[PDB]
$ cat structure.pdb   # PDB, C-alpha atoms and all ligand atoms
ATOM      1  CA  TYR A   5       2.930 -73.880  17.650
ATOM      2  CA  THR A   6       3.780 -74.513  14.007
ATOM      3  CA  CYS A   7       0.437 -74.769  12.174
ATOM      4  CA  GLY A   8       1.665 -76.924   9.332
ATOM      5  CA  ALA A   9       1.940 -75.783   5.711
ATOM      6  CA  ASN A  10      -1.359 -74.474   4.295
ATOM      7  CA  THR A  11      -3.446 -75.694   7.239
ATOM      8  CA  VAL A  12      -4.916 -72.173   7.546
ATOM      9  CA  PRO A  13      -5.767 -71.548   3.882
ATOM     10  CA  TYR A  14      -7.512 -68.194   4.463
ATOM     11  CA  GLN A  15      -4.371 -66.743   6.084
ATOM     12  CA  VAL A  16      -2.663 -64.115   3.990
ATOM     13  CA  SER A  17       0.614 -62.261   4.254
ATOM     14  CA  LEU A  18       0.653 -58.567   3.355
ATOM     15  CA  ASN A  19       3.962 -57.597   1.760
ATOM     16  CA  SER A  20       5.379 -54.150   0.906
ATOM     17  CA  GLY A  21       8.946 -55.388   0.542
ATOM     18  CA  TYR A  22       8.672 -57.630   3.600
ATOM     19  CA  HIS A  23       5.851 -59.224   5.598
ATOM     20  CA  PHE A  24       4.292 -56.322   7.524
ATOM     21  CA  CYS A  25       0.921 -57.769   8.644
ATOM     22  CA  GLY A  26      -1.447 -60.662   8.202
ATOM     23  CA  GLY A  27      -4.984 -60.711   6.876
ATOM     24  CA  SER A  28      -7.860 -63.045   6.057
ATOM     25  CA  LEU A  29      -9.256 -63.956   2.642
ATOM     26  CA  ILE A  30     -13.036 -63.490   2.760
ATOM     27  CA  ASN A  31     -13.751 -64.090  -0.937
ATOM     28  CA  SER A  32     -11.690 -64.423  -4.118
ATOM     29  CA  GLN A  33     -11.320 -60.639  -4.416
ATOM     30  CA  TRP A  34     -11.186 -59.334  -0.829
ATOM     31  CA  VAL A  35      -9.042 -59.485   2.289
ATOM     32  CA  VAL A  36      -9.861 -58.243   5.814
ATOM     33  CA  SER A  37      -7.012 -56.890   7.976
ATOM     34  CA  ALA A  38      -6.404 -54.309  10.719
ATOM     35  CA  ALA A  39      -6.622 -50.598   9.945
ATOM     36  CA  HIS A  40      -3.360 -50.100  11.837
ATOM     37  CA  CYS A  41      -1.769 -52.195   9.065
ATOM     38  CA  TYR A  42      -2.548 -49.534   6.435
ATOM     39  CA  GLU A  43       0.334 -48.588   4.164
ATOM     40  CA  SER A  44       0.945 -48.060   0.459
ATOM     41  CA  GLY A  45       2.084 -50.581  -2.139
ATOM     42  CA  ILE A  46       0.523 -53.724  -0.710
ATOM     43  CA  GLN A  47       0.991 -57.093  -2.364
ATOM     44  CA  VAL A  48      -1.268 -59.839  -1.052
ATOM     45  CA  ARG A  49       0.450 -63.204  -0.656
ATOM     46  CA  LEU A  50      -1.823 -66.237  -0.526
ATOM     47  CA  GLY A  51      -0.925 -69.882  -0.045
ATOM     48  CA  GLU A  52       2.093 -69.036   2.134
ATOM     49  CA  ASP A  53       3.850 -71.098   4.727
ATOM     50  CA  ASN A  54       7.524 -70.112   4.786
ATOM     51  CA  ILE A  55       7.369 -66.431   3.793
ATOM     52  CA  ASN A  56      11.065 -66.449   2.779
ATOM     53  CA  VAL A  57      10.963 -69.424   0.381
ATOM     54  CA  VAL A  58       8.852 -70.053  -2.718
ATOM     55  CA  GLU A  59       7.423 -73.477  -1.889
ATOM     56  CA  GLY A  60       5.020 -73.865  -4.809
ATOM     57  CA  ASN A  61       1.518 -72.977  -3.619
ATOM     58  CA  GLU A  62       1.745 -69.177  -3.454
ATOM     59  CA  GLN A  63      -0.253 -66.576  -5.289
ATOM     60  CA  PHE A  64       1.098 -63.028  -5.231
ATOM     61  CA  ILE A  65      -1.512 -60.432  -6.210
ATOM     62  CA  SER A  66      -1.221 -56.647  -5.985
ATOM     63  CA  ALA A  67      -3.841 -54.825  -3.953
ATOM     64  CA  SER A  68      -5.947 -52.479  -6.068
ATOM     65  CA  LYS A  69      -7.724 -50.658  -3.229
ATOM     66  CA  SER A  70      -7.561 -50.268   0.542
ATOM     67  CA  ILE A  71     -10.483 -49.043   2.642
ATOM     68  CA  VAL A  72      -9.917 -48.183   6.295
ATOM     69  CA  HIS A  73     -13.044 -48.169   8.465
ATOM     70  CA  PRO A  74     -14.591 -44.684   8.463
ATOM     71  CA  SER A  75     -14.460 -44.523  12.278
ATOM     72  CA  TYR A  76     -10.965 -45.926  12.800
ATOM     73  CA  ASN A  77      -9.206 -44.124  15.639
ATOM     74  CA  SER A  78      -5.471 -44.802  15.581
ATOM     75  CA  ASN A  79      -4.966 -43.528  19.127
ATOM     76  CA  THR A  80      -7.282 -46.074  20.754
ATOM     77  CA  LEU A  81      -7.453 -48.642  17.933
ATOM     78  CA  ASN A  82     -11.242 -48.452  18.073
ATOM     79  CA  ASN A  83     -12.666 -49.791  14.798
ATOM     80  CA  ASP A  84      -9.350 -51.418  13.840
ATOM     81  CA  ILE A  85     -10.455 -52.947  10.545
ATOM     82  CA  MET A  86      -9.671 -52.429   6.873
ATOM     83  CA  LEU A  87     -10.614 -54.043   3.577
ATOM     84  CA  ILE A  88      -8.150 -54.771   0.777
ATOM     85  CA  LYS A  89      -9.252 -55.533  -2.777
ATOM     86  CA  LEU A  90      -7.177 -57.793  -5.013
ATOM     87  CA  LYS A  91      -6.287 -56.486  -8.486
ATOM     88  CA  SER A  92      -7.231 -59.877  -9.909
ATOM     89  CA  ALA A  93      -9.319 -62.602  -8.296
ATOM     90  CA  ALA A  94      -7.406 -65.317  -6.474
ATOM     91  CA  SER A  95      -7.607 -68.826  -7.883
ATOM     92  CA  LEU A  96      -9.269 -70.705  -5.043
ATOM     93  CA  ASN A  97      -8.011 -74.178  -4.177
ATOM     94  CA  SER A  98      -7.412 -76.353  -1.102
ATOM     95  CA  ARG A  99      -4.507 -74.159   0.016
ATOM     96  CA  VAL A 100      -6.094 -70.798  -0.897
ATOM     97  CA  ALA A 101      -9.591 -70.590   0.544
ATOM     98  CA  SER A 102     -11.961 -68.032   1.976
ATOM     99  CA  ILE A 103     -13.205 -67.834   5.555
ATOM    100  CA  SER A 104     -16.855 -67.009   6.292
ATOM    101  CA  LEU A 105     -17.994 -63.840   7.991
ATOM    102  CA  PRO A 106     -20.035 -64.343  11.157
ATOM    103  CA  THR A 107     -23.825 -63.982  11.279
ATOM    104  CA  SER A 108     -23.712 -63.563  15.072
ATOM    105  CA  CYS A 109     -21.081 -62.800  17.711
ATOM    106  CA  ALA A 110     -19.208 -65.500  19.592
ATOM    107  CA  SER A 111     -19.586 -66.127  23.331
ATOM    108  CA  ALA A 112     -17.016 -66.038  26.128
ATOM    109  CA  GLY A 113     -15.356 -69.427  26.555
ATOM    110  CA  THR A 114     -15.462 -70.308  22.861
ATOM    111  CA  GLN A 115     -12.143 -71.669  21.609
ATOM    112  CA  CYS A 116     -10.633 -69.845  18.657
ATOM    113  CA  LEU A 117      -7.698 -70.314  16.323
ATOM    114  CA  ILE A 118      -5.320 -67.367  16.088
ATOM    115  CA  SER A 119      -2.621 -67.492  13.432
ATOM    116  CA  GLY A 120       0.256 -65.426  12.129
ATOM    117  CA  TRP A 121       3.954 -65.015  11.527
ATOM    118  CA  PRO A 132      10.429 -68.877  12.649
ATOM    119  CA  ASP A 133       9.331 -67.981   9.120
ATOM    120  CA  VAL A 134       6.484 -70.511   8.956
ATOM    121  CA  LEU A 135       2.913 -69.896  10.059
ATOM    122  CA  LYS A 136       2.251 -70.162  13.803
ATOM    123  CA  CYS A 137      -0.998 -71.025  15.556
ATOM    124  CA  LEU A 138      -2.554 -70.606  18.986
ATOM    125  CA  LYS A 139      -5.809 -72.038  20.311
ATOM    126  CA  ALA A 140      -7.302 -69.779  22.959
ATOM    127  CA  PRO A 141     -10.698 -69.088  24.513
ATOM    128  CA  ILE A 142     -12.541 -65.818  24.292
ATOM    129  CA  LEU A 143     -12.328 -64.202  27.718
ATOM    130  CA  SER A 144     -15.232 -62.715  29.649
ATOM    131  CA  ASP A 145     -16.013 -59.036  29.099
ATOM    132  CA  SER A 146     -15.022 -58.301  32.671
ATOM    133  CA  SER A 147     -11.695 -60.151  32.462
ATOM    134  CA  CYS A 148     -10.865 -58.261  29.276
ATOM    135  CA  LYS A 149     -11.781 -54.826  30.626
ATOM    136  CA  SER A 150     -10.092 -55.538  33.959
ATOM    137  CA  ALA A 151      -6.827 -56.256  32.125
ATOM    138  CA  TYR A 152      -7.051 -52.976  30.214
ATOM    139  CA  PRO A 153      -9.118 -50.525  32.282
ATOM    140  CA  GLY A 154     -10.469 -47.609  30.269
ATOM    141  CA  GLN A 155      -9.250 -48.974  26.938
ATOM    142  CA  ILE A 156     -11.675 -51.681  25.789
ATOM    143  CA  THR A 157     -14.657 -50.684  23.664
ATOM    144  CA  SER A 158     -17.624 -52.727  22.480
ATOM    145  CA  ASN A 159     -15.680 -53.234  19.229
ATOM    146  CA  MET A 160     -12.966 -55.279  20.934
ATOM    147  CA  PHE A 161     -12.656 -58.607  22.722
ATOM    148  CA  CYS A 162      -9.864 -60.453  24.485
ATOM    149  CA  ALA A 163      -8.694 -64.019  24.096
ATOM    150  CA  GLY A 164      -5.938 -65.963  25.801
ATOM    151  CA  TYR A 165      -4.963 -67.221  29.246
ATOM    152  CA  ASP A 176       2.601 -59.754  13.416
ATOM    153  CA  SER A 177      -0.960 -58.351  13.485
ATOM    154  CA  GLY A 178      -4.019 -57.994  11.161
ATOM    155  CA  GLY A 179      -4.359 -61.772  11.123
ATOM    156  CA  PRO A 180      -7.381 -63.979  11.802
ATOM    157  CA  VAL A 181      -9.143 -65.171  14.907
ATOM    158  CA  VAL A 182     -11.485 -67.942  13.773
ATOM    159  CA  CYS A 183     -14.138 -69.523  15.970
ATOM    160  CA  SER A 184     -16.486 -72.281  14.851
ATOM    161  CA  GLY A 185     -15.583 -71.651  11.221
ATOM    162  CA  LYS A 186     -16.281 -67.888  11.308
ATOM    163  CA  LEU A 187     -13.890 -64.921  11.276
ATOM    164  CA  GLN A 188     -14.702 -63.383  14.668
ATOM    165  CA  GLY A 189     -11.534 -61.381  15.311
ATOM    166  CA  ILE A 190      -8.621 -59.499  13.820
ATOM    167  CA  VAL A 191      -5.301 -59.327  15.682
ATOM    168  CA  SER A 192      -5.308 -55.725  16.903
ATOM    169  CA  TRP A 193      -3.229 -54.981  20.011
ATOM    170  CA  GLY A 194      -2.202 -56.065  23.481
ATOM    171  CA  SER A 195       0.708 -56.257  25.898
ATOM    172  CA  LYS A 202      -2.295 -59.397  29.648
ATOM    173  CA  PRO A 203      -4.340 -61.118  26.921
ATOM    174  CA  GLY A 204      -4.536 -60.224  23.260
ATOM    175  CA  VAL A 205      -7.108 -57.690  22.073
ATOM    176  CA  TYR A 206      -8.990 -58.356  18.859
ATOM    177  CA  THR A 207     -11.299 -56.350  16.632
ATOM    178  CA  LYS A 208     -14.845 -57.709  17.108
ATOM    179  CA  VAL A 209     -15.697 -58.594  13.496
ATOM    180  CA  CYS A 210     -19.352 -59.410  14.172
ATOM    181  CA  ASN A 211     -19.985 -55.677  14.722
ATOM    182  CA  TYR A 212     -18.766 -54.936  11.189
ATOM    183  CA  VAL A 213     -20.484 -57.502   8.988
ATOM    184  CA  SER A 214     -22.968 -55.057   7.454
ATOM    185  CA  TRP A 215     -20.178 -52.589   6.696
ATOM    186  CA  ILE A 216     -17.967 -55.311   5.226
ATOM    187  CA  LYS A 217     -20.712 -56.698   3.003
ATOM    188  CA  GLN A 218     -21.917 -53.312   1.784
ATOM    189  CA  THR A 219     -18.406 -52.001   1.206
ATOM    190  CA  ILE A 220     -17.169 -54.948  -0.829
ATOM    191  CA  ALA A 221     -20.410 -55.043  -2.844
ATOM    192  CA  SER A 222     -20.019 -51.360  -3.718
ATOM    193  CA  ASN A 223     -16.348 -51.554  -4.715
TER     194      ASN A 223
HETATM  195 CA    CA B   1       6.556 -69.054   0.558
END

$ encode --input "structure.pdb" --output "structure tokens"
Amino acid sequence: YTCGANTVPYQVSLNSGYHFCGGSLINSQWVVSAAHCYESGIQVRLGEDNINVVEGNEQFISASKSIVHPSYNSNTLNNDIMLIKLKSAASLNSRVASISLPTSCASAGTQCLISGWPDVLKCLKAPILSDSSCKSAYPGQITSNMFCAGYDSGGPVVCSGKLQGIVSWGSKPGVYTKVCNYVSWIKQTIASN
């Protein structure tokens, strides 16, 4: 469904000439996205609703650095996470806001908000599926760094106010990078860059 303009203020659009992936603002200088979204010349677009019209609340900021997870495997999408640094800090406001990293993993059954990009932001509320339901849908392919939820990519999966997933792959529920496994890496990496 249509989220409503700026109702997901941590949602970002990654643009290299066009919207190629979503991401999540985790502080004024850093965005989390999927490693499979990696490409050169990224501009981070904050405060977006319609990605084809300047509506008045946008901030466009060039990325200064991208860091793909050291263990990212593009064949399997294991460890599908990357960090993007903003060249200048975003000006935080009601429509441009960070989302908190988790301190613990979410449980099966927890409802989450998945969002991403006709040209306005779309939303889906869906529960995290059991481990078994997830792995049964994709035998051989699910690792401990993935979860499924259900009944673009790189965008957020937010549960109880925490960024628990990144839109990674699918076909059959969606498969999401399990952010709670990466919090130490995220925190150390951003602090060191
Ligand atoms: Ca816009």

$ residues_near_ligand --input "structure.pdb" --ligand "ligand CA 1 (chain B)" --cutoff "6 Å" --atoms "all atoms listed in the file" --output "NGL selection string"
:A and (52-59)

$ closest_residue --input "structure.pdb" --among "A:161, A:152, A:34, A:206" --to "residue 94 of chain A" --atoms "only C-alpha atoms"
A:34

$ resolve_selection --input "structure.pdb" --expression "the PyMOL selection byres (((chain A and resi 10) around 12) and not hetatm)" --output "MDAnalysis selection string"
chainID A and resid 6:9 11:16 50:55 59:62 97:101 119 134:137

$ axis_aligned_box --input "structure.pdb" --around "segment 132-141 of chain A" --padding-each-side "5 Å" --output "JSON"
{"center_x": -0.1, "center_y": -70.0, "center_z": 16.7, "size_x": 31.1, "size_y": 14.1, "size_z": 25.6}

$ residues_near_point --input "structure.pdb" --point "(-8.6, -57.5, 21.4)" --cutoff "6 Å" --atoms "only C-alpha atoms" --output "ChimeraX atom specification"
/A:160-162,192,204-207

$ atom_distance --input "structure.pdb" --atom1 "atom CA of residue 215 of chain A" --atom2 "atom CA of residue 26 of chain A"
20.5 Å

$ resolve_selection --input "structure.pdb" --expression "the PyMOL selection byres (((chain A and resi 25) around 10) and not hetatm)" --output "list in words"
residues 16, 17, 18, 19, 20, 22, 23, 24, 26, 27, 37, 38, 40, 41, 42, 120, 121, 176, 177, 178, 179 and 191 of chain A

$ residues_near_point --input "structure.pdb" --point "(-6.9, -52.2, 17.8)" --cutoff "6 Å" --atoms "all atoms listed in the file" --output "MDAnalysis selection string"
chainID A and resid 81:82 84 192:193

$ atom_distance --input "structure.pdb" --atom1 "atom CA of residue 67 of chain A" --atom2 "atom CA of residue 49 of chain A"
10.0 Å

$ atom_distance --input "structure.pdb" --atom1 "atom CA of residue 92 of chain A" --atom2 "atom CA of residue 48 of chain A"
10.7 Å

$ resolve_selection --input "structure.pdb" --expression "the PyMOL selection byres (((chain A and resi 108) around 10) and not hetatm)" --output "list in words"
residues 105, 106, 107, 109, 110, 111, 186, 188, 209, 210, 211 and 213 of chain A

$ closest_residue --input "structure.pdb" --among "A:63, A:29, A:143, A:89" --to "residue 221 of chain A" --atoms "all atoms listed in the file"
A:89

$ closest_residue --input "structure.pdb" --among "A:141, A:74, A:45, A:21" --to "residue 181 of chain A" --atoms "all atoms listed in the file"
A:141

$ closest_residue --input "structure.pdb" --among "A:216, A:39, A:151, A:187" --to "residue 76 of chain A" --atoms "all atoms listed in the file"
A:39

$ closest_residue --input "structure.pdb" --among "A:155, A:182, A:30, A:64" --to "residue 79 of chain A" --atoms "all atoms listed in the file"
A:155

$ decode --input "structure.pdb" --residues "segment 153-193 of chain A" --atoms "N, CA, C and O atoms" --output "PDB file, in the first residue's frame"
ATOM      1  N   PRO A 153      14.757 -24.646   0.242  1.00  0.00           N
ATOM      2  CA  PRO A 153      15.645 -25.678   0.788  1.00  0.00           C
ATOM      3  C   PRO A 153      17.071 -25.499   0.291  1.00  0.00           C
ATOM      4  O   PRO A 153      17.289 -25.231  -0.895  1.00  0.00           O
ATOM      5  N   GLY A 154      18.023 -25.621   1.210  1.00  0.00           N
ATOM      6  CA  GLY A 154      19.432 -25.507   0.888  1.00  0.00           C
ATOM      7  C   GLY A 154      20.002 -24.100   0.820  1.00  0.00           C
ATOM      8  O   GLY A 154      21.225 -23.935   0.788  1.00  0.00           O
ATOM      9  N   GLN A 155      19.137 -23.087   0.807  1.00  0.00           N
ATOM     10  CA  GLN A 155      19.557 -21.732   0.463  1.00  0.00           C
ATOM     11  C   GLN A 155      19.541 -20.725   1.604  1.00  0.00           C
ATOM     12  O   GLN A 155      20.067 -19.620   1.457  1.00  0.00           O
ATOM     13  N   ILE A 156      18.904 -21.063   2.718  1.00  0.00           N
ATOM     14  CA  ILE A 156      18.787 -20.118   3.829  1.00  0.00           C
ATOM     15  C   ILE A 156      19.891 -20.363   4.849  1.00  0.00           C
ATOM     16  O   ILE A 156      20.084 -21.491   5.307  1.00  0.00           O
ATOM     17  N   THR A 157      20.618 -19.305   5.191  1.00  0.00           N
ATOM     18  CA  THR A 157      21.653 -19.394   6.210  1.00  0.00           C
ATOM     19  C   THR A 157      21.163 -18.721   7.488  1.00  0.00           C
ATOM     20  O   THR A 157      20.081 -18.116   7.521  1.00  0.00           O
ATOM     21  N   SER A 158      21.975 -18.796   8.534  1.00  0.00           N
ATOM     22  CA  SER A 158      21.618 -18.164   9.797  1.00  0.00           C
ATOM     23  C   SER A 158      21.637 -16.637   9.709  1.00  0.00           C
ATOM     24  O   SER A 158      21.230 -15.958  10.653  1.00  0.00           O
ATOM     25  N   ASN A 159      22.095 -16.106   8.577  1.00  0.00           N
ATOM     26  CA  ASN A 159      22.141 -14.663   8.355  1.00  0.00           C
ATOM     27  C   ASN A 159      20.959 -14.132   7.551  1.00  0.00           C
ATOM     28  O   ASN A 159      20.998 -13.006   7.053  1.00  0.00           O
ATOM     29  N   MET A 160      19.924 -14.957   7.436  1.00  0.00           N
ATOM     30  CA  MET A 160      18.735 -14.629   6.668  1.00  0.00           C
ATOM     31  C   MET A 160      17.488 -14.979   7.463  1.00  0.00           C
ATOM     32  O   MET A 160      17.503 -15.911   8.264  1.00  0.00           O
ATOM     33  N   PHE A 161      16.404 -14.247   7.223  1.00  0.00           N
ATOM     34  CA  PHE A 161      15.086 -14.667   7.694  1.00  0.00           C
ATOM     35  C   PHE A 161      14.049 -14.357   6.633  1.00  0.00           C
ATOM     36  O   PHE A 161      14.311 -13.600   5.697  1.00  0.00           O
ATOM     37  N   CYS A 162      12.877 -14.965   6.779  1.00  0.00           N
ATOM     38  CA  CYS A 162      11.784 -14.751   5.851  1.00  0.00           C
ATOM     39  C   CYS A 162      10.652 -14.017   6.540  1.00  0.00           C
ATOM     40  O   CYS A 162      10.438 -14.147   7.749  1.00  0.00           O
ATOM     41  N   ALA A 163       9.910 -13.248   5.762  1.00  0.00           N
ATOM     42  CA  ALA A 163       8.719 -12.592   6.273  1.00  0.00           C
ATOM     43  C   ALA A 163       7.712 -12.545   5.153  1.00  0.00           C
ATOM     44  O   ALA A 163       8.089 -12.473   3.984  1.00  0.00           O
ATOM     45  N   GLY A 164       6.432 -12.594   5.502  1.00  0.00           N
ATOM     46  CA  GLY A 164       5.379 -12.592   4.505  1.00  0.00           C
ATOM     47  C   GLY A 164       4.242 -13.533   4.849  1.00  0.00           C
ATOM     48  O   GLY A 164       4.005 -13.836   6.019  1.00  0.00           O
ATOM     49  N   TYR A 165       3.541 -14.001   3.820  1.00  0.00           N
ATOM     50  CA  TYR A 165       2.345 -14.816   4.011  1.00  0.00           C
ATOM     51  C   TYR A 165       2.336 -16.052   3.109  1.00  0.00           C
ATOM     52  O   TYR A 165       3.055 -16.114   2.111  1.00  0.00           O
ATOM     53  N   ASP A 176      12.081  -2.717  -5.664  1.00  0.00           N
ATOM     54  CA  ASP A 176      13.500  -2.530  -5.377  1.00  0.00           C
ATOM     55  C   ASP A 176      13.994  -3.488  -4.288  1.00  0.00           C
ATOM     56  O   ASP A 176      13.273  -4.399  -3.873  1.00  0.00           O
ATOM     57  N   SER A 177      15.221  -3.264  -3.826  1.00  0.00           N
ATOM     58  CA  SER A 177      15.813  -4.026  -2.718  1.00  0.00           C
ATOM     59  C   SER A 177      16.805  -3.143  -1.920  1.00  0.00           C
ATOM     60  O   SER A 177      16.971  -1.976  -2.259  1.00  0.00           O
ATOM     61  N   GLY A 178      17.455  -3.675  -0.872  1.00  0.00           N
ATOM     62  CA  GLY A 178      18.290  -2.868   0.003  1.00  0.00           C
ATOM     63  C   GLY A 178      17.542  -2.082   1.068  1.00  0.00           C
ATOM     64  O   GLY A 178      18.162  -1.522   1.978  1.00  0.00           O
ATOM     65  N   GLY A 179      16.215  -2.043   0.958  1.00  0.00           N
ATOM     66  CA  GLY A 179      15.401  -1.273   1.874  1.00  0.00           C
ATOM     67  C   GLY A 179      15.179  -1.929   3.220  1.00  0.00           C
ATOM     68  O   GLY A 179      15.592  -3.069   3.465  1.00  0.00           O
ATOM     69  N   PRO A 180      14.508  -1.197   4.112  1.00  0.00           N
ATOM     70  CA  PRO A 180      14.339  -1.606   5.510  1.00  0.00           C
ATOM     71  C   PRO A 180      13.221  -2.603   5.772  1.00  0.00           C
ATOM     72  O   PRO A 180      12.177  -2.610   5.112  1.00  0.00           O
ATOM     73  N   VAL A 181      13.470  -3.410   6.801  1.00  0.00           N
ATOM     74  CA  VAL A 181      12.465  -4.199   7.492  1.00  0.00           C
ATOM     75  C   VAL A 181      12.583  -3.805   8.960  1.00  0.00           C
ATOM     76  O   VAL A 181      13.589  -4.112   9.610  1.00  0.00           O
ATOM     77  N   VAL A 182      11.573  -3.103   9.466  1.00  0.00           N
ATOM     78  CA  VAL A 182      11.608  -2.552  10.809  1.00  0.00           C
ATOM     79  C   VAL A 182      10.575  -3.240  11.688  1.00  0.00           C
ATOM     80  O   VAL A 182       9.417  -3.393  11.304  1.00  0.00           O
ATOM     81  N   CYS A 183      11.022  -3.676  12.859  1.00  0.00           N
ATOM     82  CA  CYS A 183      10.174  -4.392  13.796  1.00  0.00           C
ATOM     83  C   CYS A 183      10.375  -3.771  15.159  1.00  0.00           C
ATOM     84  O   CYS A 183      11.508  -3.677  15.634  1.00  0.00           O
ATOM     85  N   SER A 184       9.280  -3.326  15.771  1.00  0.00           N
ATOM     86  CA  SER A 184       9.322  -2.765  17.112  1.00  0.00           C
ATOM     87  C   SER A 184      10.370  -1.660  17.210  1.00  0.00           C
ATOM     88  O   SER A 184      11.110  -1.575  18.191  1.00  0.00           O
ATOM     89  N   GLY A 185      10.427  -0.825  16.174  1.00  0.00           N
ATOM     90  CA  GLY A 185      11.300   0.330  16.163  1.00  0.00           C
ATOM     91  C   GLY A 185      12.777   0.052  15.919  1.00  0.00           C
ATOM     92  O   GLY A 185      13.598   0.949  16.096  1.00  0.00           O
ATOM     93  N   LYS A 186      13.121  -1.174  15.523  1.00  0.00           N
ATOM     94  CA  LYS A 186      14.509  -1.543  15.242  1.00  0.00           C
ATOM     95  C   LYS A 186      14.658  -2.043  13.811  1.00  0.00           C
ATOM     96  O   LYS A 186      13.777  -2.732  13.295  1.00  0.00           O
ATOM     97  N   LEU A 187      15.786  -1.729  13.176  1.00  0.00           N
ATOM     98  CA  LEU A 187      16.079  -2.249  11.842  1.00  0.00           C
ATOM     99  C   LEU A 187      16.520  -3.708  11.946  1.00  0.00           C
ATOM    100  O   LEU A 187      17.681  -3.991  12.261  1.00  0.00           O
ATOM    101  N   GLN A 188      15.602  -4.634  11.691  1.00  0.00           N
ATOM    102  CA  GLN A 188      15.922  -6.057  11.822  1.00  0.00           C
ATOM    103  C   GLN A 188      16.265  -6.724  10.495  1.00  0.00           C
ATOM    104  O   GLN A 188      16.933  -7.761  10.485  1.00  0.00           O
ATOM    105  N   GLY A 189      15.831  -6.149   9.376  1.00  0.00           N
ATOM    106  CA  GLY A 189      16.121  -6.752   8.089  1.00  0.00           C
ATOM    107  C   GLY A 189      16.453  -5.765   6.992  1.00  0.00           C
ATOM    108  O   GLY A 189      16.158  -4.570   7.081  1.00  0.00           O
ATOM    109  N   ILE A 190      17.081  -6.305   5.952  1.00  0.00           N
ATOM    110  CA  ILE A 190      17.359  -5.596   4.715  1.00  0.00           C
ATOM    111  C   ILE A 190      16.771  -6.440   3.585  1.00  0.00           C
ATOM    112  O   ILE A 190      16.969  -7.656   3.543  1.00  0.00           O
ATOM    113  N   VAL A 191      16.038  -5.806   2.678  1.00  0.00           N
ATOM    114  CA  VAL A 191      15.443  -6.521   1.555  1.00  0.00           C
ATOM    115  C   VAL A 191      16.561  -7.119   0.696  1.00  0.00           C
ATOM    116  O   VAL A 191      17.375  -6.386   0.119  1.00  0.00           O
ATOM    117  N   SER A 192      16.597  -8.449   0.627  1.00  0.00           N
ATOM    118  CA  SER A 192      17.729  -9.150   0.030  1.00  0.00           C
ATOM    119  C   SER A 192      17.346  -9.921  -1.242  1.00  0.00           C
ATOM    120  O   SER A 192      17.842  -9.615  -2.323  1.00  0.00           O
ATOM    121  N   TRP A 193      16.479 -10.916  -1.117  1.00  0.00           N
ATOM    122  CA  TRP A 193      16.083 -11.696  -2.283  1.00  0.00           C
ATOM    123  C   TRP A 193      14.749 -12.390  -2.058  1.00  0.00           C
ATOM    124  O   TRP A 193      14.112 -12.212  -1.032  1.00  0.00           O
TER     125      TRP A 193
END
